[PDB]
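What follows is one structure encoded as structure tokens, with my remarks underneath.
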RNA sequence: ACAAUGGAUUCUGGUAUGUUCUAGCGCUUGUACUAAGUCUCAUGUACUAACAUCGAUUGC
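Residue numbers (the entry's author numbering), protein chains in the order written: chain F, 2 to 28; chain W, 1546 to 1577, 1599 to 1829, 1840 to 1979; chain U, 1353 to 1400; chain E, 27 to 96; chain X, 149 to 197.
Here is the structure:
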């Protein structure tokens, strides 16, 4: 969910806006 | 990046590499490092004009079976120039002619009373909606056919149906990156056309040969009575390499893609060298009309070669009954002379075989260069110096054997 | 730098859209990464 | 009715029909009008009238030929 | 002297293509009218009006 | 202890443009001699692309 991360929109970004959590950052 | 995109063989599946007729991507260089746009989009045409389009109105080109998904004008100009001068129709008549020339060569083991090519609608060759039969086989004894199976099927159970007449259908498609499996296409069209009522076949239990003109692939799906499945897969391997119409298809792709493939004292030495004269093959003598006309008469010719070390002659008589069923006949002659040079090479053992072959006129070299490529040690050269020839036709003994 | 990485994405897709404007299609399926990123010896653009 | 591909044509014998010749004859009079207009010009160059003058002699000779056949 | 003649010809020509084309067209139209009027006068001498 | 996935195509593109092409009435005067068409290939020329052309090493 949009927990403060990601984009305002994917319209002008030229990306998809797909956010996935970094499995590397845990501790 | 080539490892990232799946190796070279995955990249070339996106392209028109197999349409060029090149066997492998070895020693292949582009010629012109800036390339223009017309030959960029023609190279990537199976993945630019692919069938996974999101939206695009299906049109068909006016003389061919290429379907365009929308409007790419830079590609359409290249496909008109490659498929110009009714090439889609002229390819389809060439395979139908070449199948008929192979059926009557082995007509006794098949036991046909006649093999007939039908009157073909000129719109039929690029009609993807329905089809008809091309070549009809009538049998003396009643054939027992199998279940309809693919061309490279192992075994067949011939106890199914007992029929007296078979048919051929020659299908031509133009593949994409998405849909170019010819084995799926021919199975789908065979099981659709025989169940359709509008598509008119004379009998059931026929076969259908499909050729993808974009990836030079071929497949056959239909039921076989006996003997044709080893015969028709040996025949199509010779047709897909030596067709004069597919050679024009592959040549017009190589001109649009601009791709070339890299890699007097010696005449009498111990190296074996064939000097080929094809003037003797084609002869026409004028016959006077009652009023005014040109007679369609040709006298039987012969294919003429010599070796320096052997010091002998090789001769292949050609009778004019072969010339009765085609047009632009003397251009068909170079293909037949090419086959007989390739067979005359093939008959001899490879050490006895020539290291090089020289021909007077290079009008006929390129089909000679096509068929002969069975062994890499063979070089082909023009005559530096023109020799006339045809002492053999004036030699009374050789002319008596030909006549 | 996060602003520069958004510039690199938007900058490279403008170069790809120029190839898509030379043709009359910006449709994504017609243009795989094989068209843009294959080297010039294999017939691609050689885009890094 | 067309006849543009057919010459003037200098040969007469080839077309037996006169009614067809009715059309061939206008095919000639029209040029007679064009060039005739092309005869008087503000420049009045000798070279242009001079070639036109030869064309007039050639046409008048043709009129003599059609009269002779009749 | 050749480039001086060319410069002398260039400095004394101030019209342009459209103006020069218009002059040529006007002369042609005037010649066409005079020719047609002469053609009518010659036919009037032959009685045909 | 992460389930988050934007696109997409049509139109406006060097001969443009411009002119003339009265057959069919309007009353009065005024028997001057034999080259077809289509298709394909080759070469030559002209026009045209408002096309492109220099990326790197040596034996006196």
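Note that beta-carbon positions come from the ideal geometry of N, C-alpha and C, so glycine has one too.
Starting from the beta carbon of residue i, find every residue of chain W whose beta carbon is closer than 8 Å, and list them in chain order.
i, result
"residue 1390 of chain U", "1546, 1547, 1550 and 1556"
"residue 1370 of chain U", "Per Cβ cutoff of 8 Å: no residues; residue 1370 of chain U is ~11 Å from chain W at best."
Mind listing the chain X neighbours of residue i? Cutoff is C-beta to C-beta under 7 Å, in chain order.
i, result
"residue 55 of chain E", "Within chain X, no residue comes near residue 55 of chain E; the closest Cβ sits about 14 Å away, beyond 7 Å."
Would you decide whether residue i is buried or exposed? Buried here means 16 or more other CB atoms lie within 10 Å of its CB.
i, result
"residue 1777 of chain W", "buried"
"residue 1846 of chain W", "exposed"
"residue 173 of chain X", "exposed"
"residue 1647 of chain W", "exposed"
"residue 1844 of chain W", "exposed"
"residue 1743 of chain W", "buried"
"residue 92 of chain E", "exposed"
"residue 94 of chain E", "exposed"
"residue 22 of chain F", "exposed"
"residue 1802 of chain W", "buried"
"residue 1920 of chain W", "buried"
"residue 73 of chain E", "exposed"
"residue 1737 of chain W", "buried"
"residue 1968 of chain W", "buried"
"residue 1702 of chain W", "buried"
"residue 1605 of chain W", "buried"
"residue 1866 of chain W", "exposed"
"residue 1754 of chain W", "exposed"
"residue 89 of chain E", "exposed"
Using a cut-off of 7 Å between C-beta atoms, extract the partners of residue i located in chain F.
i, result
"residue 1361 of chain U", "15 and 16"
Using a Cβ cut-off of 8 Å, pull out every chain F residue sitting near residue i, in sequence order please.
i, result
"residue 1365 of chain U", "15"
For residue i, which three-state DSSP category applies?
i, result
"residue 1369 of chain U", "helix"
"residue 73 of chain E", "helix"
"residue 1658 of chain W", "helix"
"residue 1927 of chain W", "coil"
"residue 1663 of chain W", "helix"
"residue 1797 of chain W", "helix"
"residue 1903 of chain W", "coil"
"residue 80 of chain E", "helix"
"residue 1730 of chain W", "strand"
"residue 1674 of chain W", "helix"
"residue 1783 of chain W", "strand"
"residue 1375 of chain U", "coil"
"residue 181 of chain X", "helix"
"residue 52 of chain E", "helix"
"residue 1610 of chain W", "coil"
"residue 86 of chain E", "helix"
"residue 1972 of chain W", "helix"
Could you tell me which residues DSSP pairs with residue i in its beta bridges?
i, result
"residue 1698 of chain W", "W/1766"
"residue 1932 of chain W", "W/1849 and W/1955"
"residue 1715 of chain W", "W/1788"
"residue 1892 of chain W", "W/1879"
"residue 1683 of chain W", "W/1701"
"residue 1826 of chain W", "W/1574"
"residue 1710 of chain W", "W/1728"
"residue 1777 of chain W", "W/1738 and W/1784"
"residue 1633 of chain W", "W/1626"
"residue 1839 of chain W", "Regarding the residue in question, residue 1839 of chain W is not represented: chain W runs 1829 and then 1840, omitting everything in between."
Residues of chain U with a CB under 9 Å from the CB of residue i: which are they?
i, result
"residue 1625 of chain W", "What residue 1625 of chain W touches in chain U: nothing, since even the nearest Cβ is about 14 Å away."
Quick test of your reading: residue i and residue j, contact by CB under 8 Å. State the CB separation rounded to the nearest angstrom.
i, j, result
"residue 1946 of chain W", "residue 1826 of chain W", "With 8 Å as the limit, residue 1946 of chain W and residue 1826 of chain W do not qualify as a contact, their Cβ atoms being about 16 Å apart."
"residue 1811 of chain W", "residue 1657 of chain W", "4 Å"
"residue 1848 of chain W", "residue 1783 of chain W", "That pair is no contact at about 37 Å."
"residue 1376 of chain U", "residue 1639 of chain W", "7 Å"
"residue 1733 of chain W", "residue 1699 of chain W", "4 Å"
"residue 1881 of chain W", "residue 1852 of chain W", "5 Å"
"residue 1824 of chain W", "residue 1575 of chain W", "7 Å"
"residue 1910 of chain W", "residue 1940 of chain W", "4 Å"
"residue 1661 of chain W", "residue 1809 of chain W", "7 Å"
"residue 1838 of chain W", "residue 1392 of chain U", "A break in chain W separates 1829 from 1840, and the residue in question, residue 1838 of chain W, sits inside that break with no coordinates."
"residue 1791 of chain W", "residue 1706 of chain W", "Actually they are not in contact, since the Cβ atoms of residue 1791 of chain W and residue 1706 of chain W sit about 12 Å apart, beyond 8 Å."
"residue 184 of chain X", "residue 63 of chain E", "7 Å"
"residue 1787 of chain W", "residue 1696 of chain W", "Residue 1787 of chain W to residue 1696 of chain W, Cβ: 17 Å. No contact."
"residue 1384 of chain U", "residue 1559 of chain W", "7 Å"
Residues of chain W with a CB under 9 Å from the CB of residue i: which are they?
i, result
"residue 1375 of chain U", "1603, 1607, 1614, 1638, 1639, 1640 and 1641"
Below 7 Å on C-beta distance, what does residue i contact in chain W?
i, result
"residue 1385 of chain U", "1550"
"residue 1381 of chain U", "1616, 1618, 1619 and 1620"
Going along chain E in order, which residues have a C-beta closer than 9 Å to the C-beta of residue i?
i, result
"residue 182 of chain X", "66, 67 and 68"
So residue i contacts chain X; which residues on that side make the cut at Cβ distance below 8 Å?
i, result
"residue 62 of chain E", "187"
What residues from chain E crowd round residue i, counting only those whose CB sits closer than 8 Å?
i, result
"residue 175 of chain X", "68"
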